[PDB]
Amino acid sequence: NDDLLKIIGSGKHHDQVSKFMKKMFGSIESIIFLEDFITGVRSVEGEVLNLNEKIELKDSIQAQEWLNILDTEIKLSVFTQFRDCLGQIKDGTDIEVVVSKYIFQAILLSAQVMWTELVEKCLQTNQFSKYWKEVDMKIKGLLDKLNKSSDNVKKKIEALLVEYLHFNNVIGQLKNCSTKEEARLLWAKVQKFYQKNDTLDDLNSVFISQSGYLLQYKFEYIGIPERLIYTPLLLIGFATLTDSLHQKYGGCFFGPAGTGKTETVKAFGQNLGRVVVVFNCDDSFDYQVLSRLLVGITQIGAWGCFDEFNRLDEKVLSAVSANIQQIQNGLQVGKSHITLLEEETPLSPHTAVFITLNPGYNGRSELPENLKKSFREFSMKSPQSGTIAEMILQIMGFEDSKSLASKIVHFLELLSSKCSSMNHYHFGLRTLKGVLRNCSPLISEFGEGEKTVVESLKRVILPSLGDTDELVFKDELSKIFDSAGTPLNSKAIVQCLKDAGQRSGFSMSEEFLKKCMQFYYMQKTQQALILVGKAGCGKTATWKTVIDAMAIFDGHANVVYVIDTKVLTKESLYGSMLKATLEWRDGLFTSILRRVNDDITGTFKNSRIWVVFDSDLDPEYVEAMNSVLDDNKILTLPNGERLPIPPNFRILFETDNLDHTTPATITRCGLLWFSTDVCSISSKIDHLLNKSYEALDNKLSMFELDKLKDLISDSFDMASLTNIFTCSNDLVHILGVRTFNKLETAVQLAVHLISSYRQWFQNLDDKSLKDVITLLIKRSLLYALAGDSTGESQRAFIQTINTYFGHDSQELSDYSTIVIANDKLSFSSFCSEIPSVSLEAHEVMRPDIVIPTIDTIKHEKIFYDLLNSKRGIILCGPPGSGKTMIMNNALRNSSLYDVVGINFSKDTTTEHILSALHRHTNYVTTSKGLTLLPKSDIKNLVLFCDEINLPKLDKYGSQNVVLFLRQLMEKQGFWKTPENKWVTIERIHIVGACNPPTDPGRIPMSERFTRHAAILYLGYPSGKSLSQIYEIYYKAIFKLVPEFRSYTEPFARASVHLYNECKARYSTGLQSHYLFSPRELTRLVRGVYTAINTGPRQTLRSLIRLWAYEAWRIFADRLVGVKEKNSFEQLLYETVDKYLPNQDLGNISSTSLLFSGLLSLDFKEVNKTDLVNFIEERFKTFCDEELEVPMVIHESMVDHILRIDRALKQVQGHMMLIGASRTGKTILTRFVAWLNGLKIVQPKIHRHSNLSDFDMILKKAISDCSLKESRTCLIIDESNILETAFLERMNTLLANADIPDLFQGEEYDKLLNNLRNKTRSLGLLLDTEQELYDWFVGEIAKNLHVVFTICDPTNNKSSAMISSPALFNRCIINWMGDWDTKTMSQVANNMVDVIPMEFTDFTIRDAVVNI
Amino acid sequence: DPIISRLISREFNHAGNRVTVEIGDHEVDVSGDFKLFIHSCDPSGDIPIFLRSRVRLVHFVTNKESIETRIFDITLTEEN
Amino acid sequence: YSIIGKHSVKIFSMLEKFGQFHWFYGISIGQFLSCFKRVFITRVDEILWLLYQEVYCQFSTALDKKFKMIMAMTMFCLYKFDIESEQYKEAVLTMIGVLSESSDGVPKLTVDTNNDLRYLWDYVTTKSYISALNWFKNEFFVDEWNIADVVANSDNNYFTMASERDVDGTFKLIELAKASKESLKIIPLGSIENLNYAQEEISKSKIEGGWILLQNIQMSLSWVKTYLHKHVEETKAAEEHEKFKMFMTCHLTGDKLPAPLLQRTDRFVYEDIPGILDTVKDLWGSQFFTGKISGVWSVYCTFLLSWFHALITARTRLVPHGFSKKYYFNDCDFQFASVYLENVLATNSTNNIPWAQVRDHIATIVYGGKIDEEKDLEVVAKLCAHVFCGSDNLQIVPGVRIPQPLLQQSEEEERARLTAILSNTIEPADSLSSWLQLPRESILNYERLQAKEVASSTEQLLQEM
Ligand SMILES: Nc1ncnc2c1ncn2[C@@H]1O[C@H](COP(=O)(O)OP(=O)(O)OP(=O)(O)O)[C@@H](O)[C@H]1O
Ligand SMILES: Nc1ncnc2c1ncn2[C@@H]1O[C@H](COP(=O)(O)OP(=O)(O)O)[C@@H](O)[C@H]1O
Ligand SMILES: Nc1ncnc2c1ncn2[C@@H]1O[C@H](COP(=O)(O)OP(=O)(O)O)[C@@H](O)[C@H]1O
Ligand SMILES: [Mg+2]
């Protein structure tokens, strides 16, 4: 309708219609005028057709009328140009003459008719040889004419070459036949184009024979479309299509995509002078448009092909399928008018319908039942390769195309049979199409010979082979064809490569030069390159080295864009369009093209542009740019453009695996398989040392540097390290990284430790100097090979180091230290010296408190040494092992570094990282790195990313958040996600903590990221250091009860024994939440203090019960069932008897010891009867005031109320309740909250709740807690966590004390403003932006209380709650999972308290309850 | 949806004459003439644990076990 | 009755599970009860066995030959496991385990103890499979119902027979009507005219009382869910209407019918497979109804095709050993081949030698069109090699020799002569190996596999209850 209306409206003008013709014709693009007259038309291909009669145009003419004349004349014009040409060649005129003056369609048809007639007669005579050479000459004639041609007519010659090759091929096959019968079989199968010189109706004069059947050429213009190369298989498709059509049946071929079933339908139409309309089905395609199109086809008598029919929706597909039957049933019968879409429309018998059927998930799709008896199904197969090889060789400039095609196929076939079975190996025809395509530029250098074939083989086949198969290639290449001894461009490139590496730092190894050479030779031909290998192969070195070497050799500048593919979304990278305003915004990959295409203001024309994708590559991303990888060399927008890419513009891909990618994607690109690392262990260190020396040159004098480099050279030789690196493998490596990728970690540490003691190197003894060096080198070499080891392994590796280093050289000790005087020169090595800490009662629990041990100082030192190197640190180990504390305290002490904690969860986004950072970081446009992201204050920043092996990965399996950090560690900046440019981060450091990846929940991380990190395995300590540590903790808290100062050590020893036993008795083998750590101890130690600091003077009997209650709440509340719960009761008994032997104890079961501050002004042990009665007076009240709910108060409930009470009382109160269903876990929480004076917030979520809604519910409860000082209790149920994100928000609220995402940007400024109002109100000004938010956070931490109610932890959704580390660690876990038999009887009693019943046999009430 | 939830668990906020219940946000008056029933078709579809526990679960399904009961009636009409 | 009762659930549970596997294999509880009621019009022991017999006789008809046999083996284990000894149970399970490839061992031999069971082991040990599979049916001692018998017993006006694409019971139904109650009305569901005429002839025939058939409903299905779904549900007055019977034809392999509609209507699986020679005779048979339009020499080619088609279709059944997968060749494929044959005689000389491109076109376009596996494509070809090239005497099958048109050149003589060669031949015992060139060894391998399928599925079904 729309386009139709424009044509009728634009009639006055006429000229405006040309745009719409391209659609309603398919062949033509625009119409040519003299304005009064139509001189001709042009095809979409570029070809100009002139009409016989130029159609005159006037005011009193309809669009209808004039266009209808055009259609008639356009077909007549084709007959004219056909007979004109055919007659010419009959009168022996050379085809080179004809080309220049006749449209391709016409000359094509003429050739076919004359060819066919000349071969028809050749079958009688058998004069094949003489016609053959004659045609072979026309072939060469057309080939040399192509090289001297205008690009437009260059298409016409090439299109005709498709045909003339087919001509000679058929004659050749005919020459070869054993007999005349053999020749007449072959001929029947071919498409024979005949003419009637007997009858009139000339548009009906040309007809075609195949397989005994005829098909009248309809005259319609086709333009000059790229013609399908003739294969036997092609002819067979043509043969079935004619056999179907002859009986008035539809053609249908099913087969794999990329078999060109529609191409065939297209081609077979063209061969008979028809433009077949292709319906690409299901591509947002309306039924109403197709119902239109169908009527159009049945009237115009056109050919319709349904391109991948299968992909249509059941509703559509029924409707379409039914319609098609009408048409095919109408034709089969020949009914003049047929009814479809409930309308009587007439049917041309020229009409035909074709259905291509791509396979579904099951296998090959099917026709609906109705269509089965109306169509004829055929199986498209890829062509046997030999045949396509020969033709492709023939077009380019043959030499002997027959033998090259034999030889190429045999070789590729032989490779497959002889090489190893490797995943990325393809010796499929795609590969020979590629070897052949690569050949064209190659011919330009050498010849149309086998030798150019040979070079193409080794250009494509070799770079993708791995060393074993690399000789299989050489052996069978020389076996099949031996071409040339030496290569051109052998010296000149090589010196341009070596000079680039000498400057880069690199060593020219056999392999680095090889893989450098393989690359150089590929960029030439291939525009897209793939580099695959082990992480740290040298791939970024090889390409960065070759690229650099070409600016020396050609003189052409390079402009490199390294993009981590998978850090950004497809929208962020390719082009994202926004729902409502449909605003087209650039993205990342398209915006950097616009510099080259749209605005080459500087030199981009003489420059080389290279766009590298470092990250793991997947289908979804390559599919969005498949068009650039195609012969097209153009980028297709999701909406609104194709952007052309120049020959300058190369795409690289560096990656570690290919498992995800398609063989189709590979064979468009050039693959460079890195079989091994480019260069020697030594050679790596060599480069690395020098690179490290350079850092120092900007903070160290030449005299200092010259002397320090002299030291390094004579302290360590390669012969030593060789065995040390060998022995490194004979060791158990947690978070394993290969030996080679450990080297940067070694040398960087070694250089830093030596440059540390540089002043002491001026005066010190030359024997003694060597020993200082050797010790630091022995140390740095240890942590870089064995730092991620057990340390039980480290100790054993220390001796391994000592062994292989020179015998005289200073040996390494477990706690080895170097000692020097502060103000006066001294030397000597003495070890293991520890400060003594005194802290008071209140100091006992503090977010920043660490008791120095033999190991705390040992760890803090090494961790800090790595930062000075500025290497990323990965701390691996179990929970409570002190990764967080060791890291935090080493840095909260120093003025240099400033810490920011980011806590990672199962699904963390890369913007979460950025939002958290936005409070502590400041964008400034300094000319040094364009945009920079340094820290908001002048001194260094450290991002501590906790649980780095927790975030999940793409459906393919790639964690972007990890790759983002990898980007930061390797690249040093990153691409801005919305604004789309490069920001280089200044002085920001990455440190991460993680659990072993053998632990459940844990995700394995990419060696491409972990290669940049020094890895430190921290375990648990001693069971004897722990006892020492918490003694000092009891010492501190017993400053409140000095009368029991004697009792601090047996208390600390008891606490640790209970720990050791619980951890051993109740492990993750029994229950997943059975996870104990020194965190519990510190909870117990503090839990004891709190009862003391707010309790009556404590007797020895009090204190042990006070300790016992805390031990119960910290270790046993989480325990399930009764067998384990009773086990702990006896354990607690067993422990007191071994460490605190007294006769004053009572019943130590949790039921009998009840501690509360609800009755008492102090936290004191209260009476069972006193408590029950206090609850009963308060529950009435809570029943009346709040929600009206009847319950029975029973022994368990009182015990449970106190559990929640202690939880909701602590500053940071997190408790998760596991209560099955009906236990009342939700009611008791509401009650204890109401007793403590907490506002009960319970997210009113529902089926139709968004994340934003829950965001709201959180945000409010947060804002009321700081800006209104609310003291709210937030009850979150398993039902409340609707999506995964909801729970992720809950984590951020626990592991950190704020949700950074909620308050960002403007909402940050509004909060920032409101915050200053309340801060002033309370009576303090806070100076910096950081100082105000730190109060806001600290206020949340003490006013917000999150209580979780999950019913079945067996459920996979409720599993995720417990799983989440943030929730599990910062919560008090409690178990209400079942009702005890005693509590069942107790409840039942109070319910049968009303007595309808009368005395019975036997108690009566007691008996009923027992049943 | 979660919101009905207070209507399922018998929770209410008392007045002299009026009895109110919280749904989503709005507090609405409960009649006393009001009755509630929940209907489902497929035992394949799982109802949330909160509901399942406060709700009186009743199966109106003609089972395989239905055949056992119905065959004895048919046997005994033809036997005694 | 609990003892009776417990058996009937495991029975119904088994029949129920067939419906999970395949859509056409439904059973309702009322079907089971109506069946159990029939059983009436140590007494508890007899009534039990009367059930298992009656269940077999009624519900067997609506399953295909594979499921008939799985139901037999399973039902036999459901009965004899409860009734007979535990000595029995492991002996028969050990034998079902040899028939499946689960295990192979020799059962309990007790002279005179068990003879029926000793007789089964003889079948399994003789590697004779189909006989061992049937033993479970026979052991029920029931006279197994013909579609006819089903129809006579049934008093419903509706029927749906599904069938494999290999056959159509359209012609069974013709002889079923003609032998009693006449009134045969075939209604093709093709295009809008057919559906439109169809729904007219439906409403009129029920009042009239004539039989009606709705050929190949699956294809016209969108209409079924709209018109037939309402129409058959509404027509409880069809019970009130004159003795009339409507039939519907399905294909098991193919689009799924609505369960509610299917359950309303009685179900049969036409499993009835014709001989090679009989299909030759059925093919050649119709070709005389045309009159005379083609010359004498063509009649020969048409006879050749009749053999060829009857040989490929027979080979279709035997997979894997035969064709790689199940391929279906139609009357449409015969038509396109005959079309090309008339044409090659119309375009060529009466010299016999046009034969080379007759092979290619028949083996690569006409029949090889569907075929996708190269392995199978060579089979079609090697058969065209045999059927199509040949001088004077062909010997299509070992008995029969096909002689080329005689100098007399009579087309009426030749029809009579080529019909005579059919009437003289008797299709041998071992036809599937002797006539389809493939060896006997392969046939047995096929026999073994279908044994394996029934024995596996029964093991699985027993453990499941
Ligand atoms: N010729 C050479 N001599 C010495 N060292 C070399 C040589 N070539 C490469 N290297 C070392 O190998 C490293 C090359 O790193 P590169 O980024 O190329 O590897 P990669 O496989 O791309 O790693 P990733 O995949 O993680 O980015 C350099 O750090 C360098 O120390
Ligand atoms: N040597 C120590 N000095 C002080 N506290 C310690 C020590 N060892 C363990 N802890 C306690 O254990 C907890 C350490 O847990 P953390 O390091 O956060 O676990 P992880 O790092 O495994 O996540 C702290 O709360 C602290 O009280
Ligand atoms: N001590 C008790 N006395 C009486 N009823 C109880 C008791 N504990 C739980 N219930 C019943 O079980 C249900 C659970 O209430 P709730 O407090 O929400 O626990 P949950 O969160 O486990 O459902 C309530 O409807 C209540 O009737
Ligand atoms: Mg890199």
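Numbers in chain A come straight from Swiss-Prot, and the residues shown are 1542-2943, 2960-2968, in order.
Here the Cβ of each residue, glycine as well, is placed from N, Cα and C on the backbone.
Now, the feature entries from Swiss-Prot:
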| type | residues | note |
| --- | --- | --- |
| COILED | A:1681-1705 | coiled coil |
| REGION | A:1758-1979 | region 'AAA 1' |
| BINDING | A:1796-1803, A:2074-2081, A:2418-2425, A:2760-2767 | ATP binding site |
| REGION | A:2036-2273 | region 'AAA 2' |
| REGION | A:2379-2628 | region 'AAA 3' |
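Features per Swiss-Prot, on structure.
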residue   : record           : Cβ neighbours (10 Å)
A:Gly1796 : ATP binding site : 19
A:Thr1800 : ATP binding site : 20
A:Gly2074 : ATP binding site : 22
A:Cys2078 : ATP binding site : 22
A:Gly2418 : ATP binding site : 21
A:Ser2422 : ATP binding site : 21
A:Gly2760 : ATP binding site : 21
A:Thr2764 : ATP binding site : 21
Those binding-site residues in A:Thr1800, A:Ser2422, A:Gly2760 whose CB falls under 6 A of ligand 2, listed in sequence order: A:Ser2422
I'd like to know which of the binding-site residues listed (A:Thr1800, A:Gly2074, A:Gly2418, A:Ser2422) lie near ligand 3, counting only a CB under 6 Å away. none
Quick one: of the binding-site residues A:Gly1796, A:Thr1800, A:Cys2078, A:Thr2764, flag those whose CB is under 6 Å from ligand 1, and say none if nothing qualifies. A:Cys2078
In the three-state scheme derived from DSSP, which category covers A:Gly2074 (ATP binding site)? strand
Going by DSSP, is A:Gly1796 (ATP binding site) sitting in a helix, a strand, or coil? coil
